[PDB]
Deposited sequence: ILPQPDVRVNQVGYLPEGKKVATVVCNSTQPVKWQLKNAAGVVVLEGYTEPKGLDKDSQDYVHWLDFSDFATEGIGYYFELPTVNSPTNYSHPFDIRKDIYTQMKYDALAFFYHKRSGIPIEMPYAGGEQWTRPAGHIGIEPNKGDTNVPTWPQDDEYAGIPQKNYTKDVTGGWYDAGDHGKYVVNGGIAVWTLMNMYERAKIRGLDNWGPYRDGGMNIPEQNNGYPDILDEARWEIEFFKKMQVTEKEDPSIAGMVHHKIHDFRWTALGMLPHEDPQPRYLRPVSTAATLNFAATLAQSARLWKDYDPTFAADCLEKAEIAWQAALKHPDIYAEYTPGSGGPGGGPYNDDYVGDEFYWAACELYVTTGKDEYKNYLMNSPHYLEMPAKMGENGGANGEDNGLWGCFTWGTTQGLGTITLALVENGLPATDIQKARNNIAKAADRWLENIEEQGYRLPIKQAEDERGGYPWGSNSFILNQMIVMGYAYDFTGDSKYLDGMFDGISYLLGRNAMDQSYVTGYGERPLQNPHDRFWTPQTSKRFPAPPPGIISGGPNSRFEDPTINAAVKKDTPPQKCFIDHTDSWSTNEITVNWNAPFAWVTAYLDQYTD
């Protein structure tokens, strides 16, 4: 157990230019002297702290330490509080350099390669022999999928809506999280996010840079003439098209999309995808999945249109089919199912799809320019909307943030604000203004927080921090990036600097929530393969993977036993492999993590 330093910093470091604020846990009501020293112990800067009081989310008494003006590049800087009476009167060492995020952005995206179903994970792409593994779910005994996956047994207590009996080849796609399920909802926002960072880069003339170019990523498709990040996105998109119901399968719902596919029952940690012995089944279609599908294939179609016209035309054709089917079946919801004794995959339930309809309409209008989509989106209650705090999926009501896997209207709005389209110039300006307005609210949240994070406690019942609290911050930072793009006002960039600092160890746990980075790196994510705590035969996880973070709803036995019930929300976390409610890793959390790290590294250059 590494000591928690009084001076909490970004445990990797800072770009030379930008806001640099540490949070100091300190009982003194008055300012205290601080010193910044280089690796040789020489004082290079000094000042006094700014007493803030008792911080609500952490119940720590804190000061701020602002050293934003310091820009001298160096390795192994550290703070000391010479007059403070404590055994931890310092900070961890950190760097000031331009390449803080240069490798992290690639690590973030490599998560998706590691999570690929339907293909062996091999060197040199795996990045280490210990992360190598056989193909997952290509119908080879242990596995009962995914070449011939039947629809869910209609016998099952939580089977959901009636389905016809047929089978599908649904190989490929990504595993969603620490489990072996593949989900169209959640997969949707994740792949949308990878394609969006690419689209933004192309629009800003950066598609010749980083992961956006052919050969930009350490993947098998790295020399195929296509942008590597689109190759990775395409892996999920190919899976999505397999999930669409055909006329031959069920004429009554043809064009609708299966919500998810996974184990009949939940498996235990300490197993690789190829070892999974569970029967594999298709969950029923959902309107939300169908629309996730329509939105992303529509986006896919405009981005591939010149690289691979055939693939692109097929993406569009299938997307418009999905849209029309959704319109005839607007009320098929993925229902809640219990996590114990039930279907062996997350429910991703949502009983409202007005946002997905708007999102899909946005992507389809920008891709095709057709009136039907324009008319739909302009008459939506979400037209031009960018939430600063959500009111959408029930679970998101009163949650600080702009969008999630199930509250998706903001995704459509981003596309409208970014990509050239035929809406009235003033409407597009409104969307961009709404984005700045939301970002502004979050900048105020940062100033109201001891640990300078852009969320605040949920304004729902239970309050506190929600499951995957870190991903809300990440999605907020995407929109801050857009606010910076549209206004050129560097305060928005500084908001991202504050947010990433929180994620990289300037928090009430002194925890870097990213594997492979920081002095207290994330070591024990909930994952079936990368789980040394289950058995030391299994490997530590690859770097650049972000944990869901603090969740004060006490939603797994491990966190329940590890911390008291009155634990402050920002401390409701444990870096333990069995804590799924506090320490999982996912496609929809690593996707915005990749978005944000690539953005910061681009800013660095």
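Enquirer: What portions of the deposited sequence, indexed from 1, have no corresponding C-alpha atom in the structure?
Expert: The deposited sequence has one unmodelled segment, at 392-395.
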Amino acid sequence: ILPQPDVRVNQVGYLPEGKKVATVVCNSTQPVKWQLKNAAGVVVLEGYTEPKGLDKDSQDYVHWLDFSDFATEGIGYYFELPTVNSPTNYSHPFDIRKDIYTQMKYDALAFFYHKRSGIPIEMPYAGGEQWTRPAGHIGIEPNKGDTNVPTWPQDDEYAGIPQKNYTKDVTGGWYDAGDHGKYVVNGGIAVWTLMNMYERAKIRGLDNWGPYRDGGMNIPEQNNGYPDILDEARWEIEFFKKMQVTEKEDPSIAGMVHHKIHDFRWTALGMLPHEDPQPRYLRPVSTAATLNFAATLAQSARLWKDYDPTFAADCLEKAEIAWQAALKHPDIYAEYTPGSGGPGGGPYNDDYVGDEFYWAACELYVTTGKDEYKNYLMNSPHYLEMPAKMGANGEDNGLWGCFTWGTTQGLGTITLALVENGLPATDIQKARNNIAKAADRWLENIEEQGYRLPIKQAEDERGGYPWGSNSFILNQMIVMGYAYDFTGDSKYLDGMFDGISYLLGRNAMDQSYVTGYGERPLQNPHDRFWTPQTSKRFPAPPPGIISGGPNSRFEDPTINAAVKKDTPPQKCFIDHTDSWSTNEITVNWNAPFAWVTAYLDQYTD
From here on, numbers count along this sequence of modelled residues.
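Enquirer: Taking the mean of the C-alpha B-factors per stretch from the entry, tell me the winner out of 495-503 and 455-463.
Expert: On average, C-alpha B-factors are higher across 455-463.
Enquirer: Compare the mean C-alpha B-factor of 155-163 with that of 427-435 as given in the PDB entry, and name the stretch with the higher value.
Expert: According to the entry, 155-163 carries the higher average C-alpha B-factor.
Enquirer: With respect to the C-alpha temperature factors reported in the PDB entry, which of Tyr307, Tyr90, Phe293, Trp359 ranks highest?
Expert: That would be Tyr307.
Enquirer: For the CA B factor values reported in this entry, which option in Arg213, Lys182, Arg200, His259 has the top one?
Expert: In the PDB entry, the greatest C-alpha B-factor among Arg213, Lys182, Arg200, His259 is found at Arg213.
Enquirer: Report the third (lowest, middle or highest) to which the CA temperature factor of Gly516 belongs, ranking only the modelled residues of the same chain.
Expert: It belongs to the middle third of the chain when residues are ordered by C-alpha B-factor.
Enquirer: Please place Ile546 in the lowest, middle or highest third of its chain according to the CA B-factor in the PDB entry.
Expert: It belongs to the lowest third of the chain when residues are ordered by C-alpha B-factor.
Enquirer: How does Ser579 rank on Cα B-factor within its chain, lowest, middle or highest third?
Expert: Middle third.
Enquirer: Give the position of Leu36 by CA B-factor within its chain, expressed as the lowest, middle or highest third.
Expert: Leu36: CA B-factor falls in the middle third of its chain.
Enquirer: Test of reading the entry: by CA B factor among the chain's modelled residues, which third contains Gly136?
Expert: Within its chain, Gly136 is a middle-third residue by C-alpha B-factor, going by the deposited values.
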